[PDB]
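The structure appears right after this line, and notes come after that.
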Protein chains: 2
Amino acid sequence: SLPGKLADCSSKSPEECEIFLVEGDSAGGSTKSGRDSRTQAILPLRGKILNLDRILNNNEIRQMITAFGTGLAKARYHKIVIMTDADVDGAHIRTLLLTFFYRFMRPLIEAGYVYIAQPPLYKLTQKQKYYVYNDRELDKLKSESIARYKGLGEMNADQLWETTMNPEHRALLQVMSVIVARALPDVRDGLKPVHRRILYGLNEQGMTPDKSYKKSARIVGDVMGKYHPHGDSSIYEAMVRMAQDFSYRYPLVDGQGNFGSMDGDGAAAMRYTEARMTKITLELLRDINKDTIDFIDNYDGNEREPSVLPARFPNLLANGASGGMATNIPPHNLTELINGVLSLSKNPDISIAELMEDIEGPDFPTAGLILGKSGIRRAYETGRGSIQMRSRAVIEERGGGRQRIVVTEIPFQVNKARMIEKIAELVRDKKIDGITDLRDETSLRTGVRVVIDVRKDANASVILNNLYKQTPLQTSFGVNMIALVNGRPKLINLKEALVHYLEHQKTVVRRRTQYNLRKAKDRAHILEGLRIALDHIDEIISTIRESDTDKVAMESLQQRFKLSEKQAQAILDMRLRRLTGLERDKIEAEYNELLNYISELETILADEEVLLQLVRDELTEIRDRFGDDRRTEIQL
Amino acid sequence: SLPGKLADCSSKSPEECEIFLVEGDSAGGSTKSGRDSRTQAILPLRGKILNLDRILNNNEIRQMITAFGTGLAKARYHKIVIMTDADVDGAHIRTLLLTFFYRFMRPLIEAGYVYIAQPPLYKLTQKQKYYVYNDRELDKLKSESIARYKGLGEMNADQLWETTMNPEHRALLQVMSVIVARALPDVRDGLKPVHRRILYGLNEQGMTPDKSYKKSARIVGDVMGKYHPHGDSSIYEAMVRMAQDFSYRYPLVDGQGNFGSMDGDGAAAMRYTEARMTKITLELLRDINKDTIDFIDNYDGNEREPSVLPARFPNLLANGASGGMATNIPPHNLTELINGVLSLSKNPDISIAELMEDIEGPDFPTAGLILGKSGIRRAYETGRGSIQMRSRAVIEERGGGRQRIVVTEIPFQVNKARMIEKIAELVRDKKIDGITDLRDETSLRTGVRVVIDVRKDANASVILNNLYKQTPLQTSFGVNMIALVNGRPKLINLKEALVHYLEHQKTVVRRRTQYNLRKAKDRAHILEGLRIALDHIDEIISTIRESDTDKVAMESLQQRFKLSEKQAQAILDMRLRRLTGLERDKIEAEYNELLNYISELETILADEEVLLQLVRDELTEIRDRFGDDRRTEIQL
Ligand SMILES: [Ca+2]
């Protein structure tokens with residue numbers, strides 16, 4: 001009987017009593033409310049405390065035991081219900097607890113004293129809503145919107161009680177797609193859920209590069225409330241990351257203010273730093289509203305969001321993807337990439353070895369050196385391979401025979417401070433002799449500059465080679481090209497990544513042509529009715545002003561001038577100001593051009609290669625405006 | 001020369017060198033970037049570590065010393081600049097550091113080695129923008145929008161460098177309104193910045209009680225991005241608080257899901273819990289868009305927000321205000337309050353003693369007992385007084401002479417768990433004898449129920465009185481009626497609080513009448529032009545279709561039919577569908593009523609008492625629909 005932590009029941013006979021183990025925040029309070037305190041006692045576990053990571057019993061678990069009473073047939077509660085959420089987090093505790101019981105308290109499992117809660121699963125809102133517990137029941141329910149309960153904290157006390165812990169109605173049980181899709185980038189646009197939502201929220205609020213910087217909170221707050229309902233931290237961090245010259249080969253966010261550093265310096269408060277779209281990002285959301293990608297419902301059903309972006313440049317390979325680290329893809333050269341894609345499109349059957357005549361290999365924003373084509377080959381042929389990144393370092397001779405190491409560029413994602421802080425240790429731990437001083441003079445003007453002062457007697461060259469060994473001054477990049485292909489996580493090699501990409505581009509362009517074509521017809525149709533309308537205006541006003549209701553108006557108009565439902569409507573929504581003299585010709589001018597446009601669009605659609613070239617050209621154009629010089633040197 | 005923490009410079013002569021102490025997150029990275037690493041070294045202090053709270057030197061401060069070199073004329077840097085933000089937080093570190101230097105390192109101050117940074121203060125955007133450093137310079141600037149820099153993290157590296165740390169241009173210095181207004185409630189609506197923004201964001205997104213619950217994240221995310229650019233935690237917590245039956249006498253938020261408990265149980269994730277407006281909250285935002293309160297610019301200038309709400313019930317006193325705790329106001333009875341206000345309005349000169357014939361005193365959502373009219377009197381007469389809250393407890397006799405204490409209601413804001421957890425200690429510490437068992441069977445059906453089992457030999461009554469002493473089972477409420485009056489924090493007594501309130505109501509109602517009156521005229525004017533327009537339609541179409549541009553159209557119309565600029569405009573924006581038969585009469589019908597309405601509104605405005613009664617009645621109506629029975633008993 002823990003006083004402050006556990007809620008006790010009146011009954012004292014273990015046969016009657018039942019104890020619910022719920023996650024404190026998940027449903028501690030509401031679970032304490034809906035219960036039948038005459039026979040129901042609750043013990044909320046402090047989720048954070050519980051965290052294969054075995055160790056001495058937790059204060060939380062120790063309490064769990066005390067309350068049971070066995071830790072022996074002297075048990076206090078015959079039934080021990082485990083209430084936990086459906087979510088990733090929830091299954092954690094459910095398993096940890098179960099797993100636990102087996103190891104130090106199996107008799108309970110043997111005795112059938114531990115149960116597992118079964119809350120509703122679905123609520124069908126069609127105010128009438130439904131309480132389904134499994135797909136089959138749901139399938140039968142719907143045949144005879146949906147919203148799946150994935151958190152106990154979504155439910156009120158009484159409902160929690162009525163559906164899940166009230167014996168009369170309850171249905172106890174004796175005794176990872178979120179994790180997946182939520183991390184891995186789509187192979188089509190390179191973005192992972194948070195990033196895509198972010199770039200989308202930038203687009204939706206029209207924070208284009210041509211307009212002024214908006215405060216960061218203004219974007220975090222929007223995305224969090226509409227697409228990504230989690231801590232601001234996760235969104236702001238991910239947004240900061242896209243804005244760092246040393247993190248993205250092609251920053252997608254344009255930040256203003258303090259945005260951290262290679263040393264893991266933090267970024268300023270979100271209400272201080274400003275951010276807007278990068279010009280290259282516009283090529284990432286280009287045509288998004290021309291039915292080029294399928295939209296989906298947002299987490300709660302009140303908004304709509306892109307399953308992918310048009311991604312008019314090969315972003316996955318370009319900017320890379322980063323890691324648990326289920327995947328690990330490196331940045332590449334946009335010019336090389338686009339050139340590689342153009343080479344793919346000229347002939348489908350091109351070899352990875354030939355793709356590599358365009359795509360030299362990785363190309364980190366941080367520059368530096370790659371130590372050989374070996375790991376690159378393996379990584380491109382299979383999707384896995386270690387790649388050797390070594391800093392750009394030179395030694396320079398000065399005064400009284402003294403020497404000096406100057407580190408100009410460091411390996412990607414290496415924390416410069418921790419590296420400096422490390423060499424220092426190797427010197428205090430006397431594992432390095434010759435270093436008389438080390439400074440990190442890295443600034444905006446000098447660029448990265450770590451300076452190691454070697455002494456006269458020492459050998460800088462030798463020391464240097466010893467850093468490649470004892471420090472991050474050389475780091476391996478473990479390629480591991482995993483990405484969402486066809487909704488499923490897949491491992492890809494170089495060619496395959498581009499293939500799915502180019503495919504996406506052919507889909508985007510065609511889908512755009514179609515949208516544009518059916519939007520033009522729609523408008524051409526509407527213009528015909530307007531022309532008719534305007535021409536015989538006298539008539540139109542006659543038949544309308546004779547009509548008693550807007551509905552019969554619709555009727556006469558279609559009847560007498562042979563207008564369509566849409567057309568009649570448009571004429572009724574015409575403003576008197578459209579009656580001026582110039583209008584008629586603008587309507588005819590817009591029409592005559594629109595007809596020509598419709599024609600050109602049907603021409604693209606009709607011919608396969610015409611469309612592919614359209615893709616070829618648009619790609620070529622972007623490469624021309626955004627492509628730049630390679631920074632990382634592959635040597636040997 | 002701390003390696004990993006401090007950024008070093010090349011120069012080694014203390015005369016040249018200068019060290020900047022900046023707040024790590026504030027501007028650690030951007031400060032490391034803009035610097036002149038040839039003579040400028042930076043030491044970012046880990047803000048969190050630094051937190052009158054004196055103690056053993058911090059690891060942070062210890063580093064500060066090491067780097068200086070004196071801690072002696074053996075100093076390393078002749079100049080020691082302290083860069084910190086303007087914000088509340090910023091002045092903390094600025095003072096802590098200064099204060100520090102005096103105590104263990106005064107020679108430096110004596111030597112003039114410590115300076116203080118002076119970043120720009122204002123940026124005037126009129127793309128041309130300005131860099132002002134003080135109001136006078138600004139005043140001269142504007143005479144010859146504004147946005148005040150209040151965070152170093154708002155600035156880029158190069159600007160930080162150019163304006164603040166570049167010696168050529170820099171202007172060093174040898175050697176709380178936010179805190180205020182940001183906590184205290186406005187005496188007019190009872191709300192404090194976060195709450196008002198929240199209720200406003202509920203209104204702006206139309207999350208009215210008649211529509212469905214929206215996920216909590218959907219409100220947190222909106223408010224945070226538009227009005228309150230801080231951690232989601234602060235907003236969600238404050239929103240949860242407004243939704244708790246045991247926290248607000250009149251919940252302003254209508255929550256669904258897990259929302260915590262008296263035991264300090266947490267609320268569920270914001271993406272799990274649902275929330276919407278409470279019906280009483282509608283009386284809080286009633287007429288907000290009828291020019292009843294002054295709007296202001298939001299933190300970044302892209303949005304507009306209420307400096308106050310209409311607050312059609314006395315919310316400050318009703319729901320209270322809570323605490324550092326600069327203020328502390330208790331909940332009250334809405335019926336009593338409204339009655340007290342009506343009593344005020346019947347005669348301005350009413351005494352606090354008479355107000356108290358309506359307003360019995362505080363009235364906590366948690367019920368319980370108040371121990372006397374004493375502290376109440378003092379609190380109402382002066383705005384300060386201790387009030388004694390005691391639980392509702394009874395003893396009941398059972399079996400073999402055994403007794404029992406049953407606690408039904410506890411004092412306001414007392415953490416029930418911590419209280420139970422406390423009594424338990426008093427029993428293990430053998431400071432209480434007779435308690436054979438204690439249980440907290442509080443549920444939704446049983447309500448609050450703490451049960452203390454006393455034994456036969458013990459005296460429950462005696463024990464009980466010993467709890468009032470040794471535990472929160474009795475708690476004092478320290479009244480302290482401070483609130484924003486006229487932009488300034490002021491202490492108020494009972495009468496004064498209502499006075500400022502009733503005043504606000506007279507302002508709201510009049511301001512509404514005026515808005516309604518000038519909006520009706522506007523529309524009456526527009527209707528006259530439409531009538532004319534429609535009547536002579538043949539003409540109208542003639543003169544319009546003869547016009548070549550919409551501008552000359554405007555001209556002819558005003559000229560020939562003597563229409564006004566607005567009127568001519570409206571006729572041009574008329575849709576052909578408005579030409580149907582029924583329209584003309586609706587326009588005449590709407591007009592004929594509108595004229596009558598305009599008349600009635602001028603009647604209110606004209607007469608003082610007519611308006612006051614309007615307030616009297618509207619108040620009376622709300623009291624009738626929302627007023628309820630008093631829960632807290634004032635006894636003796
Ligand atoms: Ca947080």
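Naming works like this for the structure tokens: A, B, ... for the chains as they're shown, residue 1 at the start of each chain, ligands 1 onward in shown order.
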Residues of chain B that approach ligand 1 to 9 Å or less, counting only C-alpha atoms and all ligand atoms: could you list each one with the shortest pair of atoms and its distance in Å to one decimal, rows by chain and increasing residue number, as a tab-separated table?
```
residue	atom	partner	partner_atom_place_in_ligand_line	distance
B:230	CA	ligand 1	1 (Ca)	8.9
B:231	CA	ligand 1	1 (Ca)	5.2
B:232	CA	ligand 1	1 (Ca)	6.0
B:233	CA	ligand 1	1 (Ca)	5.8
B:234	CA	ligand 1	1 (Ca)	8.7
```
Exercise for the section: Write out as JSON, numbers by chain all residues of segment 124-221 of chain A that DSSP puts in strand (DSSP E or B) for this structure's backbone. Expected result: {"A": [132, 148, 173, 174, 186, 214, 215]}
Could you take the residues named above and write them with N, CA, C and O atoms, as an mmCIF file, in the first residue's frame?
```
data_model
loop_
_atom_site.group_PDB
_atom_site.id
_atom_site.type_symbol
_atom_site.label_atom_id
_atom_site.label_comp_id
_atom_site.auth_asym_id
_atom_site.auth_seq_id
_atom_site.Cartn_x
_atom_site.Cartn_y
_atom_site.Cartn_z
ATOM 1 N N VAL A 132 -15.711 0.637 -32.121
ATOM 2 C CA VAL A 132 -15.231 -0.649 -32.633
ATOM 3 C C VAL A 132 -13.899 -1.059 -32.010
ATOM 4 O O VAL A 132 -13.084 -0.211 -31.656
ATOM 5 N N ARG A 148 -8.863 6.392 -35.603
ATOM 6 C CA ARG A 148 -8.375 5.310 -34.765
ATOM 7 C C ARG A 148 -7.792 5.830 -33.455
ATOM 8 O O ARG A 148 -6.886 6.665 -33.450
ATOM 9 N N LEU A 173 -7.869 -9.432 -21.584
ATOM 10 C CA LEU A 173 -7.112 -10.487 -22.240
ATOM 11 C C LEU A 173 -6.132 -11.094 -21.248
ATOM 12 O O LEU A 173 -5.226 -10.409 -20.779
ATOM 13 N N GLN A 174 -6.310 -12.370 -20.914
ATOM 14 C CA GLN A 174 -5.312 -13.063 -20.104
ATOM 15 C C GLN A 174 -4.044 -13.161 -20.939
ATOM 16 O O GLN A 174 -4.062 -12.846 -22.126
ATOM 17 N N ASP A 186 11.300 9.456 -48.329
ATOM 18 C CA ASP A 186 10.748 8.928 -49.565
ATOM 19 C C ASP A 186 11.848 9.025 -50.617
ATOM 20 O O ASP A 186 12.540 10.039 -50.703
ATOM 21 N N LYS A 214 10.177 35.624 -42.021
ATOM 22 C CA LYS A 214 9.176 35.500 -40.965
ATOM 23 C C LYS A 214 9.817 34.843 -39.749
ATOM 24 O O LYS A 214 10.700 33.995 -39.882
ATOM 25 N N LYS A 215 9.382 35.239 -38.562
ATOM 26 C CA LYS A 215 9.961 34.686 -37.350
ATOM 27 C C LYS A 215 9.793 33.165 -37.362
ATOM 28 O O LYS A 215 8.806 32.654 -37.883
#
```
Problem - atom CA of residue 375 of chain A to atom CA of residue 479 of chain A, straight-line distance in Å - result: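 Here the two named atoms are 8.6 Å from each other.
Of the listed residues (A:191, A:424, A:379, A:338), A:379 comes nearest to residue 352 of chain A; the distances count only C-alpha atoms.
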Problem - atom CA of residue 566 of chain A to atom CA of residue 579 of chain B, straight-line distance in Å - result: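 Between atom CA of residue 579 of chain B and atom CA of residue 566 of chain A the gap is 18.7 Å.
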Exercise for the section: Show which residues sit within 12 Å of residue 99 of chain B, as a list in words. Count only C-alpha atoms, and ignore same-chain residues fewer than 5 positions away. Expected result: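 Final neighbour list, sorted by chain and number: residues 52, 53, 54, 91, 92, 93, 94, 104, 105, 106, 109 and 175 of chain B.
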Problem - Residue hits in chain A, query chain B, radius 6 Å, only C-alpha atoms, as a ChimeraX atom specification - result: /A:3-4,7-9,25-26,29-30,33-34,37,153-156,217-218,221-222,224-225,229,256-258,260-261,265-266,268,271-273,417,420-421,439-441,443-444,544-545,547-548,572-577,579-582
Handout entry: Distance query segment 287-295 of chain A at most 8 Å, only C-alpha atoms, self and fewer than 6 positions along chain excluded, as a list in words
Key = residues 304, 305, 306, 307, 308, 309, 310, 507, 508, 509, 511, 512, 515 and 516 of chain A
